[PDB]
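Coming up is one lone chain in structure tokens, specifically the form deposited in one PDB entry.
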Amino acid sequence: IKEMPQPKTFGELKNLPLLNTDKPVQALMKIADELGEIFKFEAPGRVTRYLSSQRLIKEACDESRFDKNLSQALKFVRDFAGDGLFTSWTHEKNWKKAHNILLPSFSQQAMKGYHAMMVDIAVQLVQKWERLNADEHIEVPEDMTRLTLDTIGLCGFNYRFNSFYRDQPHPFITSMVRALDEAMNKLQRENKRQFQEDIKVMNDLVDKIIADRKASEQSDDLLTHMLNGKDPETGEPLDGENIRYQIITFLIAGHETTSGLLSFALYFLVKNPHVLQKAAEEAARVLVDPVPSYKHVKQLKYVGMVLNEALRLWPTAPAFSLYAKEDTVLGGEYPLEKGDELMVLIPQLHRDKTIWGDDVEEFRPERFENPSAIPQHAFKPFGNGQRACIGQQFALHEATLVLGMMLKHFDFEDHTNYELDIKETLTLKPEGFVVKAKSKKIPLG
């Protein structure tokens, strides 16, 4: 049995003044660097324990002992995402209900169904970059957000945000980003009703999506299942309020982290030109049709390894929370009472040298040549167990398709020798990452 580490507290404020940054996850990583595999963190009214080692997170991922918790961050996100799948408790009726109803929308059958629409948006990205003049450059996370938002809008809701027809972010994005940034800042605390205004912009958009569906054509997408699908357990469909919450939930969770992933993957590729070369070689060899087929995207194995290694270094959803189901001893050293909260600090987990070796900071896609020769619970960018990411296959198929087309159609240049600056909005993304792309002059479909 051991006493759990905790950084300095300042009376009433507890550990809160130790963040005081626009980069709380990276700050918590520094704290983990100093204090080790586990430390307690208190804020006024709340307490949690940050885990950073595979040996402990392995235990935390045991669902007989720990269940998904709503961290304070997620409690703030619940103000607009409600009891949608991301921000609901496992024991809430609508969690299992919505999970059962929406899981078929992520069957491989459904993926094959989404592919043509993903290609629609991907082609828009490629054409945008084909049409740049020589003195121009690419704003990478901005365009990746254009792509991923449009993709979830079309595939999921037959709604076109038309982000590439705008040189500024879509209104939905501006409000979403401000709302997420506000939840994040609020963790460290007029902002108030600016928040309500951003929520209202997002909900107005949901209104537009529902109205566009009802005013139409036979459909079979995510929204079709939200509106009509029945839970096999209870026989019930989702009610209107939960449907609205699921739409918000999927529009946000369904694009933000994928944008981050494509941005980090391109970053690491232009910073490791031999790895870039291997990936481009694969894209050119596999993607032989004028636009990619589903079956060919499944063959992009090195590109998929590149994406996994980007997720290892900077998991764009960088933490998840658990609570203790019953009194127990964690790791045989740390006693926990029922209700006690844990935070998995994923980037730090992914730098556990006892698992990955001493060169954890290098970008080596080949770490994933044999993806489950990797020890249990060493790699958790998509969370855990029955509460793991429902959209993982969607995300990786989209990102593999898109990164594949990018590598097929252009040579990329890190023309500014960009210094990595990671912006935090609960999620992570490179900020200010820009490149130049030289077309290989290969025609589309």
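Residue positions are given as counts along the sequence shown, with the first one as 1.
FYI, the form deposited with a partner chain bound isn't displayed, but the following is about it.
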Practice item. Look up in the bound PDB entry whether residue 100 has a non-hydrogen atom within 4.5 angstroms of the partner chain, and give yes or no. Key: yes
Point to revise | Partner proximity in the bound PDB entry: residue 417 to the partner chain, non-hydrogen atom cutoff 4.5 Å | key: no
Exercise for review: Using a 4.5 Å heavy atom cut-off, state whether residue 104 contacts the partner chain in the bound PDB entry.
Suggested key: yes
Check your understanding: Heavy atom to heavy atom, is residue 232 within 4.5 Å of the partner chain in the bound PDB entry?
Key -> yes
**Study point:** Segment assignment from 262-270, 367-375, 248-256, 312-320: heavy atom within 4.5 Å of the partner chain in the bound PDB entry
**Key:** 367-375
